[PDB]
Amino acid sequence: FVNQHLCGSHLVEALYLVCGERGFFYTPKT
Amino acid sequence: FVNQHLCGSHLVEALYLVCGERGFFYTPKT
Amino acid sequence: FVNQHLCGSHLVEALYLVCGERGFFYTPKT
Amino acid sequence: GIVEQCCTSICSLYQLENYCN
Amino acid sequence: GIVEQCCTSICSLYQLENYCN
Amino acid sequence: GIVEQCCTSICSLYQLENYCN
Amino acid sequence: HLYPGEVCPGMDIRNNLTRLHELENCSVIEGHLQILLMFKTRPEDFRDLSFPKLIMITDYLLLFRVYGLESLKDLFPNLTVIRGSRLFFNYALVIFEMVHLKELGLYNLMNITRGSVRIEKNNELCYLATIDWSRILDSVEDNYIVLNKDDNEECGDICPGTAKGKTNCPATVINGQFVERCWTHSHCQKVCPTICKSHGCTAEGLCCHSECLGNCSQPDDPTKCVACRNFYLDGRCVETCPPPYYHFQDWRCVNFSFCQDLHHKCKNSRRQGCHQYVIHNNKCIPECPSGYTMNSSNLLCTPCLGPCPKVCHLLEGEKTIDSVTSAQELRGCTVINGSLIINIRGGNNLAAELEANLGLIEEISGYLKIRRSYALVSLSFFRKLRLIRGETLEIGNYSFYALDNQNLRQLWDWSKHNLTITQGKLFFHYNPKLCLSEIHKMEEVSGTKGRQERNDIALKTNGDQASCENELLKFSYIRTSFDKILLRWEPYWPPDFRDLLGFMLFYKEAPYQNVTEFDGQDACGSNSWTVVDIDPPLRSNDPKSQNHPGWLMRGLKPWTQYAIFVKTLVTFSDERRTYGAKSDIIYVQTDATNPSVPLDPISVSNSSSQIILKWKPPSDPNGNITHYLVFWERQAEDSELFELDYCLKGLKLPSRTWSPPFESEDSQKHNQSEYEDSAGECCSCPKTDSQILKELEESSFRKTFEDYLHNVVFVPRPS
Amino acid sequence: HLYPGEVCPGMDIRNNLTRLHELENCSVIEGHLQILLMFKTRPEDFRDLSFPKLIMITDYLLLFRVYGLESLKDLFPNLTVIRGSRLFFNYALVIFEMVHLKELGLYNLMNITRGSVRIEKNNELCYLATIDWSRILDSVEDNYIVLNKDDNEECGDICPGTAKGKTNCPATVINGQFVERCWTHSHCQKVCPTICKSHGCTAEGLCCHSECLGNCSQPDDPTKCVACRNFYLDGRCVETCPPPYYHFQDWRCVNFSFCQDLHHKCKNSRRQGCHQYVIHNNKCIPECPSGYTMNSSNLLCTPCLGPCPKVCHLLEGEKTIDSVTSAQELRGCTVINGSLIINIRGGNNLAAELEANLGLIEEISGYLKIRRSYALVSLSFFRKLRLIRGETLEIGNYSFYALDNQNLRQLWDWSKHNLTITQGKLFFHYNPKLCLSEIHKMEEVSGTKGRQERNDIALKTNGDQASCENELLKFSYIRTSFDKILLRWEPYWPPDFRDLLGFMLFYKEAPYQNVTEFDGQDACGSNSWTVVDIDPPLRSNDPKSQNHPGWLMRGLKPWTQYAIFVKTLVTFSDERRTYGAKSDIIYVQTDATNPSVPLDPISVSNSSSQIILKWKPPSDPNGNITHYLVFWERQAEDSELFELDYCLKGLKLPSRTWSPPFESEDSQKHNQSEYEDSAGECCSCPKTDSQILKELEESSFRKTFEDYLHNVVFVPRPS
Amino acid sequence: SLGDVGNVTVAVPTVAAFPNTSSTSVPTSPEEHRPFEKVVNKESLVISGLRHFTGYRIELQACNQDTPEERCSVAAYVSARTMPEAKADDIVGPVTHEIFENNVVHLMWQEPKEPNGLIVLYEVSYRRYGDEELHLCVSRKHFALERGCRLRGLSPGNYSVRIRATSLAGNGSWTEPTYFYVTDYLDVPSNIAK
Amino acid sequence: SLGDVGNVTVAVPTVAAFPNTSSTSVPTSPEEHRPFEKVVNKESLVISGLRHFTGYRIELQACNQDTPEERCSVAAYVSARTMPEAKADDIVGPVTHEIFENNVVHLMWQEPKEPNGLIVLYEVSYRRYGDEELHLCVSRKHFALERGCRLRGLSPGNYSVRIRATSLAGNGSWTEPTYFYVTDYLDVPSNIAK
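Chains as they are written, first to last, in full-length UniProt numbering: chain E, 25 to 54; chain Z, 25 to 54; chain P, 25 to 54; chain F, 90 to 110; chain X, 90 to 110; chain U, 90 to 110; chain L, 28 to 746; chain W, 28 to 746; chain R, 763 to 956; chain D, 763 to 956.
Below is the structure:
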């Protein structure tokens with residue numbers, strides 16, 4: 025993220041903060 | 025020592041060594 | 025053989041373990 | 090996986106904003 | 090705790106920081 | 090051939106087998 | 028109806044509130060149920076509904092990163108069992124990274140069908156240690172409830188001892204600890220008799236009957252009981268359903284029309300696709316086992332003539348089976364078109380499940396890779412493996428990449444076991460308990476002899492603590508004393524008799540019989556290892572005598588089950604083959620005598636007329652036989668009496684004192700302080716090097732006269 | 028000169044039955060016939076030997092490790108004089124460490140003007156009780172005639188005068204009477220008087236000329252002497268040699284060509300010993316000791332100012348040193364132009380002597396085959412070892428070779444040393460327990476690439492127990508005390524924020540300021556260094572943390588310097604690029620603090636009103652000290668002293684310097700209140716019963732859990 | 763324990779290699795006539811035939827021979843002090859003494875019935891204005907030699923005796939702190955003990 | 763009690779409120795300026811101004827940071843006894859006697875502070891001639907409370923004394939059993955140049 029190499033729960037928390045609410049998607053039609 | 029445990033008043037000699045003048049409010053149990 | 029204190033009573037056993045079918049020397053030989 | 094772009098070689102903006110709004 | 094996290098457990102300054110930081 | 094010790098010295102069968110009276 | 032209908036398939040609950048409307052009036056789940064990423068939500072936010080409608084879950088239940096929902100007593104209070112057909116990783120219940128918890132619901136659960144539980148990284152929930160979970164599970168080990176707030180010193184997991192309502196907290200022993208069977212504080216969980224629990228019981232002081240496994244709704248009834256032990260039809264438990272209703276997902280009895288329609292549909296929003304189920308002997312199942320092919324006449328499984336195995340398509344894209352869930356991804360397949368990698372570690376020998384899933388495929392395409400197995404023994408899930416195509420191998424042409432298989436001291440039993448190597452070589456490094464003479468046999472039966480590399484791969488790196496040798500020795504004479512024994516074994520040597528260098532006896536105090544070779548890896552106590560070389564007078568068998576090859580122990584403990592096995596010191600040829608021998612790993616002990624004082628002769632006298640004693644074994648065992656005789660030498664008129672006359676001031680070490688110490692918790696306490704200041708001992712002491720080689724060379728003075736006479740004297744010389 | 032027969036020097040005899048039959052013409056022996064390595068010589072073959080006659084014997088005699096020799100009485104008949112010119116252990120005769128010398132020659136000895144006779148370990152030896160005692164030995168006090176068969180009063184002293192023959196047997200006087208003294212069973216001794224023992228006596232007349240000795244043709248002429256105690260030359264005798272002729276032990280003069288130019292001609296093409304024989308101490312010697320160099324064109328050793336180095340050219344240019352004394356053999360030789368192979372077996376930390384000796388041995392011009400260096404774990408203890416040439420190439424055209432060597436884990440450090448490579452390739456392989464980048468630094472300092480191949484040296488293994496950590500760390504903060512010291516360092520983590528699992532602190536007592544980096548042998552607690560682990564830190568926020576990685580250490584004594592550092596708990600993988608770091612060894616001095624307590628308090632005095640107190644420090648060298656607080660004001664005027672020890676009691680208080688009011692003894696040595704400070708690490712187990720991998724098995728397992736828990740919940744679409 | 767120095771049983775209870783008799787007759791066995799103590803499913807066994815308020819050594823050894831009692835005639839040694847009770851911490855004999863109000867007395871605390879190892883001691887310091895004075899230290903050697911004490915000037919009255927508390931494991935006869943009278947020996951006045 | 767000055771070994775006399783004043787004869791005080799010495803880079807310091815074989819407890823301590831106070835180390839209690847002057851045990855101060863009215867000459871031993879070191883006892887071996895008057899080989903407490911020494915009765919004629927002052931040095935008023943002339947049970951000129 026900030027060092028271009030992040031690996032941990034901090035990655036998920038930062039990713040959630042990047043998008044915010046209604047940020048995650050997925051694909052049921054597969 | 026710190027090998028397995030320190031038990032006694034010596035914790036005080038460690039306790040003040042941890043905080044320093046920063047608005048410390050350590051709780052020495054004796 | 026590693027140099028232990030193989031003398032003394034051990035000598036009797038050293039005199040016995042290769043014998044017994046041919047008697048054995050009771051006392052030390054030293 | 091996300092690790093495949095962030096637990097490895099450089100993790101840039103596109104490697105993160107792949108599913109945000 | 091304050092007198093059971095280092096005496097009655099493996100010592101670690103992380104919990105000790107909580108009593109003044 | 091007058092060796093008596095075998096802990097601080099050495100010996101062999103032919104020195105001991107005779108002494109099995 | 029007894030079991031409510033309205034079955035609701037599972038879905039993903041992610042990132043928003045008010046998504047629980049798909050739980051309204053739902054009986055059971057058909058799929059996966061996940062609750063993910065509910066951050067910064069009040070307890071009141073998710074308490075808008077509660078679902079005791081749910082009874083059991085077909086598959087794993089997942090809870091990950093949810094900060095509201097302080098307990099499960101107000102969303103899923105009433106639940107009984109969790110099906111374990113499908114698994115996620117070692118279990119079905121995931122509770123990971125919960126916050127603001129202080130209680131736990133799930134009132135009166137009975138049994139988890141397969142796996143374990145997981146409640147981890149939850150430093151907020153308390154009262155989560157003595158919960159009734161053990162008997163509910165099948166795998167008593169492989170449990171994971173750690174990073175709680177009781178080992179972290181933030182709350183004590185206390186539960187009430189009294190009968191909380193109909194429930195009660197019997198102190199049940201698990202692994203030696205008394206757990207109060209409960210779910211949280213101010214509540215309890217009942218326990219029934221073992222025979223009753225074999226088929227479940229009601230929470231009414233009553234026991235169910237057979238055909239059931241949990242709580243019987245109409246109590247003590249076999250036909251109308253909830254949580255059936257077997258299949259069910261229209262609200263009645265059934266062991267087997269006569270036609271037309273066949274079994275489905277191993278737990279329901281459904282109509283033939285339902286299975287046909289399901290085959291005529293797919294659950295990926297398409298048609299004539301996924302979820303291809305067909306009839307078997309009693310059950311609708313997908314992908315009929317080997318020896319039974321499809322039947323388009325009526326869309327069934329029918330018995331094919333000859334083998335008709337089913338191959339799992341893995342041509343491109345690596346799919347390693349490194350978990351029980353990944354093992355279940357390939358059920359009943361016969362060929363792995365891709366490469367297989369095994370990295371499973373820990374557990375309690377989960378290979379049994381591999382025997383239930385694997386151990387049926389016989390062609391391993393590409394390359395096998397058994398890497399980093401910290402705990403894996405008794406490989407028996409590749410017995411049928413006797414073929415390999417080698418479609419695409421790894422770098423270095425090493426299609427058998429075995430590495431870090433610490434306790435993997437067996438491969439097969441060699442009952443027609445074999446494997447044909449079309450292409451590739453064998454890699455072996457760091458295999459302490461993998462044998463040499465069996466690896467060579469495996470090499471011989473796979474065309475690897477000769478083409479094995481002797482520039483990248485060696486063998487001596489392995490076998491560092493145990494091995495096997497088809498060459499064997501026997502104990503031809505034994506004479507027993509109390510502290511030493513004269514043992515003599517067979518005079519056998521390898522085919523190159525003059526390559527003989529000498530024998531090597533390895534002895535240690537193995538704790539009990541039926542334990543394999545360990546010496547070589549252990550260098551301290553707990554298999555304290557000792558080794559001594561041996562070279563008796565006979566080097567060739569031509570001169571007969573009354574003393575065949577043998578050795579005597581330099582000294583051992585009386586009546587100790589020392590383990591004896593041997594490995595001959597030998598050279599090695601160009602290409603390594605079966606070389607070296609041994610004898611039977613025999614547990615032997617000497618005679619006994621007890622001149623040594625039993626340790627801790629604690630004065631525990633309690634009567635003036637009679638003497639109470641406390642005996643622990645001496646440092647030597649001095650015989651496991653418990654028969655002793657007790658006498659005593661008098662001590663009257665001793666010089667200590669009249670010299671240490673204490674009839675006045677001044678310490679004289681006064682005569683006739685009695686003060687037992689009681690080392691445990693009364694004097695010399697144990698707060699994990701090891702050293703005693705009476706006389707300390709070094710820990711990081713100095714160290715020197717090995718020095719034994721100065722000693723054996725002395726004996727060469729009495730074994731070299733004939734050598735010089737045969738090698739130095741008989742030289743043709745001009746003098 | 029002017030002698031008959033062959034004037035034969037001496038040579039050794041070895042490992043055969045008899046090699047005296049070759050002698051049929053030597054009538055004069057100038058050397059000394061030595062016996063060596065005769066471990067199996069039987070007596071029966073020595074009953075007859077060959078020697079024509081004897082004019083005189085010049086050098087000493089030394090007999091050593093012979094099993095036979097029932098008769099050595101045929102070698103030296105017609106004896107005239109014997110003396111130890113050279114002296115092995117200062118004695119003319121040395122019988123030591125042999126057995127059963129029943130009979131010998133020497134039966135007409137006339138005088139030994141210098142050197143006594145020592146006899147030892149002769150179970151069989153006769154007729155040493157009926158021989159002249161003081162007429163033959165110049166130093167009677169140093170006579171050691173002991174352990175002989177006749178000396179045990181068991182061998183009948185049969186001799187001539189009763190039943191044997193006549194061999195010119197005059198009756199000499201030692202005890203007033205003219206005794207018919209003898210030497211052996213059938214021989215008699217001719218002995219000159221003690222009065223003129225320094226001039227010689229002959230049957231032809233009175234005592235010979237003063238320059239003569241032993242025997243002469245006629246007296247009053249130096250020319251007529253057959254043996255001169257003064258320098259003999261060309262027939263005549265003289266007191267000193269001319270400068271053209273160098274001296275030889277008061278007995279001969281020899282032209283300089285036989286000392287100077289005799290050995291300079293040959294470097295490797297003469298089997299006599301080419302050591303550049305020089306002249307010093309008025310005598311010709313192969314080489315002179317240290318402190319005496321070569322300056323003249325003739326190569327005569329002359330003194331130099333103080334001790335000076337020696338450039339030694341050894342025979343064959345090869346010397347395999349197999350012991351500390353095998354290296355002391357070449358002591359003083361500061362530069363050696365050849366191979367110095369190390370195959371040293373045994374010993375215990377005596378290699379400090381090598382640091383005095385091999386720490387001066389700079390160059391090894393030959394192939395460097397070194398192994399079995401048990402004593403020195405690290406090769407960084409030689410202050411002069413820089414040059415390694417390949418003038419002699421072993422097999423493989425290599426100038427260096429250390430393959431599959433054990434009991435080594437380190438090499439020479441370049442922080443305070445260096446080394447250079449020359450003459451071709453070099454092979455270094457299979458010495459585990461040592462990092463590999465150190466060899467890369469060796470290549471860098473050596474230079475001259477092309478002959479430093481990165482395929483002929485280990486860059487593939489032998490380092491999977493000491494990870495080469497590229498990065499290094501420091502101590503950003505260190506807040507110390509008497510023992511409690513909090514060290515806090517940089518919060519740098521690896522790119523993965525879970526692979527690092529703590530920090531391994533390394534420390535030991537090291538007042539010195541020069542230390543290598545190693546770890547002694549492993550015995551579950553015993554190690555030269557001391558090592559412990561520290562829990563990993565906790566993340567707080569992305570840009571920076573508010574809690575640095577810190578650790579509190581105890582046990583270190585104040586005032587004392589410790590060569591302490593840290594390493595990172597690195598999870599093993601296939602790439603060392605992303606591993607952690609290690610701090611540099613800092614000789615950190617624990618601050619001078621009040622628990623400094625000197626020991627060995629000794630009260631001595633030259634008077635009663637003085638007490639010159641002296642002591643030794645436990646760990647306080649007083650470097651930072653300012654003053655000593657000491658008490659002499661009265662603090663023993665205690666009521667205990669004024670109110671104790673009535674004379675009615677036994678004498679116990681006299682001869683004491685310890686009384687109640689001065690007591691500070693512990694109430695109980697058991698750990699009760701504050702004696703728990705000695706709670707240290709496990710010394711039965713190293714730290715924990717389970718070795719390291721079982722922890723790593725857990726650690727990585729959690730990662731493979733969490734990432735497996737992540738890889739299913741992300742990546743909604745490839746697009 | 764050993765009735766004979768050899769390795770046989772003589773069945774002679776009158777001889778036990780000690781002045782006192784502790785062994786009793788048993789059937790003849792191939793070992794010394796000794797107090798055999800068999801062991802079956804326990805790690806503790808009593809030793810009867812001792813004297814009260816005493817501590818003793820203990821012999822122990824296990825040997826193969828079980829058809830006889832035991833062939834072995836040696837053993838390993840431990841120690842154990844008996845637990846005192848309310849039977850010998852008091853005077854095993856009476857606490858009476860010989861009364862004399864006739865210018866002289868013989869003082870003798872009676873010896874134990876079973877000889878103990880340590881009596882409850884009472885100090886003796888009866889001093890006056892510089893006249894014939896008696897002292898006494900009470901040990902086995904000292905009590906045997908000095909034979910108690912003998913005073914002069916005997917009449918009903920006060921008698922000085924040193925005072926100190928006694929505590930071994932709870933005694934049964936002690937020294938009192940009172941100004942001692944002589945009221946015809948209830949327990950304390952004439953005889954300080956009890 | 764009495765603060766002192768100086769940071770090196772003392773040699774001048776210290777006021778002790780006695781006629782003969784010697785240094786290191788004062789009770790300790792909270793003042794840190796003791797007779798100690800500073801570092802000389804060596805673990806050896808000759809000490810002067812002391813008394814001839816006076817008993818001295820010392821707490822050996824090193825120090826650092828002399829600027830604020832004598833910041834020093836913890837105490838290790840060691841007692842010093844070096845080079846007894848048994849010659850000086852004869853007399854430092856004079857000796858006299860009070861002839862008590864009991865046929866005893868209570869010998870009073872005067873001193874400025876020390877008859878050759880610290881008085882701890884005066885060994886006496888005079889208990890012969892049966893039982894006689896109240897004899898005390900007087901200890902230091904009874905010496906404090908009486909300022910002398912008691913003995914058994916003494917008759918006219920010759921009497922060999924056995925009183926030697928024991929300051930752990932010996933030879934005070936006695937070296938061998940010389941006979942003094944006891945005249946009329948009194949008037950014994952003891953310590954005849956002894």
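The C-beta atom is built at its ideal place from N, Cα and C for all residues, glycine as well.
Opening and closing residue of the alpha helix (DSSP H) in which residue i lies
{"i": "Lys903 (chain R)", "result": "902-908"}
Segment limits, beta strand (DSSP E) that includes residue i
{"i": "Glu821 (chain D)", "result": "818-821"}
Length of the line joining the Cα atoms of residue i and residue j
{"i": "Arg141 (chain W)", "j": "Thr229 (chain W)", "result": "20 Å"}
{"i": "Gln662 (chain L)", "j": "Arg819 (chain R)", "result": "7 Å"}
{"i": "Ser112 (chain L)", "j": "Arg525 (chain W)", "result": "33 Å"}
{"i": "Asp766 (chain D)", "j": "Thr816 (chain D)", "result": "19 Å"}
Cβ-Cβ distance between residue i and residue j below 8 Å
{"i": "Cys710 (chain W)", "j": "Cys551 (chain L)", "result": "no"}
{"i": "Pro52 (chain Z)", "j": "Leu39 (chain Z)", "result": "yes"}
{"i": "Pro688 (chain W)", "j": "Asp672 (chain W)", "result": "no"}
Inset, instruction - Taking only beta carbons into account, state which residues of the stretch 26-46 of chain Z come closer than 7 Å to chain L, listed in chain order. - result: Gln28, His29, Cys31
Legend entry - Near-chain R residues of the stretch 669-701 of chain L (beta-carbon distance less than 9 Å), N- to C-terminal order: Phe669, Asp672, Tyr673, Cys674, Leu675, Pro681, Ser682, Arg683, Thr684, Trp685
Inset, instruction - Identify each residue in the stretch 177-191 of chain L for which the Cβ-Cβ distance to at least one residue of chain X is less than 7 Å, and report them in chain order. - result: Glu180
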